[PDB]
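Scroll down for the structure; my scribbles are underneath it.
FYI, it's all coordinate maths here, none of it is from the lab. Note that each Cβ is placed from the backbone with ideal geometry, even for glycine, and that neighbours are counted across all protein chains shown.
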Amino acid sequence: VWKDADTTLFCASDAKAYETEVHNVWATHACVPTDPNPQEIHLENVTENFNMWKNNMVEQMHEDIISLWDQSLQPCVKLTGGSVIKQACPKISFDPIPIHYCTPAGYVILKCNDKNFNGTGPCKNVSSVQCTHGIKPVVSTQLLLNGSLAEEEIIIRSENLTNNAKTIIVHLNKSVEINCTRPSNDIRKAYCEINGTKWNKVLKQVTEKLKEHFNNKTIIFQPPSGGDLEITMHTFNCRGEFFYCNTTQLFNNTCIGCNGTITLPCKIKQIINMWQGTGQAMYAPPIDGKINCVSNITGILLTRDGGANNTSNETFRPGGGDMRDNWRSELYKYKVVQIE
Ligand SMILES: CN1CCN(C(=O)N2CCC[C@H](C(=O)Nc3ccc(Cl)c(F)c3)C2)CC1
Ligand SMILES: *[C@@H]1O[C@H](CO)[C@@H](O)[C@H](O)[C@H]1NC(C)=O
Ligand SMILES: *[C@@H]1O[C@H](CO)[C@@H](O)[C@H](O)[C@H]1NC(C)=O
Ligand SMILES: *[C@@H]1O[C@H](CO)[C@@H](O)[C@H](O)[C@H]1NC(C)=O
Ligand SMILES: *[C@@H]1O[C@H](CO)[C@@H](O)[C@H](O)[C@H]1NC(C)=O
Ligand SMILES: *[C@@H]1O[C@H](CO)[C@@H](O)[C@H](O)[C@H]1NC(C)=O
Ligand SMILES: *[C@@H]1O[C@H](CO)[C@@H](O)[C@H](O)[C@H]1NC(C)=O
Ligand SMILES: *[C@@H]1O[C@H](CO)[C@@H](O)[C@H](O)[C@H]1NC(C)=O
Ligand SMILES: *[C@@H]1O[C@H](CO)[C@@H](O)[C@H](O)[C@H]1NC(C)=O
Ligand SMILES: *[C@@H]1O[C@H](CO)[C@@H](O)[C@H](O)[C@H]1NC(C)=O
Ligand SMILES: *[C@@H]1O[C@H](CO)[C@@H](O)[C@H](O)[C@H]1NC(C)=O
Ligand SMILES: *[C@@H]1O[C@H](CO)[C@@H](O)[C@H](O)[C@H]1NC(C)=O
Ligand SMILES: *[C@@H]1O[C@H](CO)[C@@H](O)[C@H](O)[C@H]1NC(C)=O
Ligand SMILES: [Cl-]
Ligand SMILES: [Cl-]
Ligand SMILES: [Cl-]
């Protein structure tokens, strides 16, 4: 017996001692070691309701990642609303590791094992756990990288598909590799390579799944309509450097003579509109040498256009900005309950 409840969670890592990587340091002092014997209990003939868009676990992970970045990626200057906070900005080692989220004594986490679960409503194959799985806290926009995959069909996640202000999260069932490099000695010029055949097959599957959700209206893809740069381009952190990569060849190279390698131009930016809170951070120029990260695109952040009620189309643009949807894309299958 149990009921929905919220409590202070704790985290669990496989952080290594002596390793200077920032996630390792943070998790070494802020998390416990992984449960070496983690036990799950299937609950026979139990249906439990979940809401991924209203889940306090999301906000707690968010607060954790804010604190991590606050202690690790210190910008040279931070213009944080009139304030000019100055400090050192040594180049650090940066590579996210999996974090587990665990309930204290008296509470438990319920986890949905429905292979079709969209994050909202009833779940029929429920199990009980003490900790989530290892979730890498990957900050990104437009594309979710290095996450899990849907176990069968592509899942569409939204708090309300008919409300165009509510973000759509696409959960892919087959990752697509994005391979990004800034070559060794424009020091801020970089680029990302993606397989065109794989990308366009995945995007065609995505449009047809979307067609299932919008009475077979024609699904159109377009790039963002205004933003700060962090939203209009695919923005991520690779080895401590902030990459901004133009993706109109992803959402506007129709191919729905193009089955080859897509190259997206990129810039490493020093001034950044932060995601942790409104304000500006200025870091230092990129490190010397080859800067490379090979990531899996495992989900997409989308926003549907409004005012197409009286049209036969629905146009979607890549989105992002609020990283709680990033954590939501992995925490969707979890919810905390107080055990009575
Ligand atoms: C709610 N809360 C308020 C303040 N916020 C904001 O004002 N934003 C507007 C400008 C862009 C912001 C962003 O996403 N920055 C970013 C920076 C680095 C990386 Cl690697 C990245 F992937 C993304 C979103 C955040 C949301
Ligand atoms: C429900 O999910 C659990 C967890 O993996 C597993 O036993 C199986 O996939 C499902 N059980 C049944 C009886 O289908
Ligand atoms: C990328 O995807 C492949 C296949 O889906 C998977 O085996 C691999 O673990 C993924 N890479 C990372 C870094 O998660
Ligand atoms: C992914 O899901 C789609 C459904 O939209 C399905 O047609 C496709 O076969 C799936 N791909 C894989 C690799 O399972
Ligand atoms: C998710 O599934 C529930 C129950 O099947 C349904 O009510 C809800 O509309 C679905 N959400 C989406 C976005 O498809
Ligand atoms: C979803 O959005 C539509 C459009 O604004 C609204 O009519 C509907 O009430 C919303 N659903 C819920 C559950 O609030
Ligand atoms: C990624 O891109 C670089 C530069 O084109 C290339 O050397 C490398 O082989 C590519 N693939 C991987 C897996 O790094
Ligand atoms: C992209 O994936 C397809 C299979 O979907 C494969 O035939 C092709 O070789 C891949 N691209 C490259 C550059 O190898
Ligand atoms: C969508 O189109 C398919 C064609 O494969 C058709 O069978 C189905 O009835 C249509 N459904 C809606 C909701 O438009
Ligand atoms: C991305 O590149 C295209 C040219 O291919 C350009 O029209 C567009 O303005 C670029 N995006 C941004 C945000 O500048
Ligand atoms: C892509 O959309 C942009 C608007 O951001 C526009 O500049 C361009 O014409 C479109 N691409 C193609 C290939 O038409
Ligand atoms: C994604 O995971 C790979 C494998 O560990 C890593 O090399 C890459 O840097 C990661 N990408 C990001 C953006 O963290
Ligand atoms: C568009 O239609 C949906 C329901 O089909 C409704 O909830 C929404 O308010 C409408 N928007 C406008 C601007 O008429
Ligand atoms: Cl423990
Ligand atoms: Cl404890
Ligand atoms: Cl933007």
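Observations
- Reducing the stretch 190-215 and the stretch 1-42 to their Cα centroids gives an inter-centroid distance of 35 Å.
- Stretch gain in nm, segment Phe10-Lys124, where the contour uses 0.36 nm per residue and the Cα spacing is subtracted: 38.3 nm
- Hydrodynamic radius by Kirkwood, which averages 1/r over all alpha carbon pairs of the stretch 153-203, in angstrom: 14.0 Å
- Other residues within the sphere of radius under 13 Å centred on the Cβ of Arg317, judged by their own Cβ, net out at -1 (K and R +1, D and E -1).
- Selected from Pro286, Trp26, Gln338, residue furthest toward positive end of dipole (the chain; charges at beta carbon): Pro286
- Taking 20 Å as the straight-line reach from the Cα of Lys124, the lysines in range (excluding those fewer than 8 positions away in the same chain) are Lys3, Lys54, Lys111, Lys115, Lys333, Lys335.
- Per-residue Karplus couplings for the stretch 313-324, computed as 6.51 cos²θ - 1.76 cosθ + 1.60 with θ equal to phi - 60°, are listed in order as 10, 9, 9, 10, 10, x, x, x, x, 9, 6, 4 Hz, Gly and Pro entered as x.
- Dipole magnitude (debye, nearest 20) for the stretch 2-339, charges at Cβ of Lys, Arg, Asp, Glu: 820 debye
- Treating each Cα of the stretch 100-183 as an identical point scatterer and summing with the Debye formula, the log10 of I(q)/I(0) at q = 0.17, 0.25 Å⁻¹ comes to -0.94, -1.37.
- Burial ranking of peptide ranges 208-216, 293-301 (average Cβ count within 10 Å, highest at the top): 293-301, 208-216
- If the convex hull is drawn through the Cα atoms of the stretch 2-339, its volume per residue in Å³: 153 Å³
- Ranked by the mean number of other Cβ atoms within 10 Å of their residues, highest first, the peptides 127-134, 1-8 fall in the order 127-134, 1-8.
- Taking 0.36 nm per residue of separation and subtracting the current Cα-Cα distance, fully stretching the chain between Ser184 and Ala17 would add 57.0 nm.
- Only the Cβ atoms of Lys and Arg (+1) and of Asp and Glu (-1) were treated as charged; on that basis the dipole of the stretch 1-112 about its Cα centre amounts to roughly 480 debye.
- The stretch 290-334 residues near the modelled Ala30 label - backbone nitrogen below 19 Å, point 7 Å along Cα→Cβ: 322-331
- Sequence-distant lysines (8 or more away, or on other chains) whose Cα lies within less than 23 Å of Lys91: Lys16, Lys78, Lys136, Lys189, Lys267, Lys269, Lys290
- Cα centroid of the stretch 77-131 to Cα centroid of the stretch 267-340, whole Å: 14 Å
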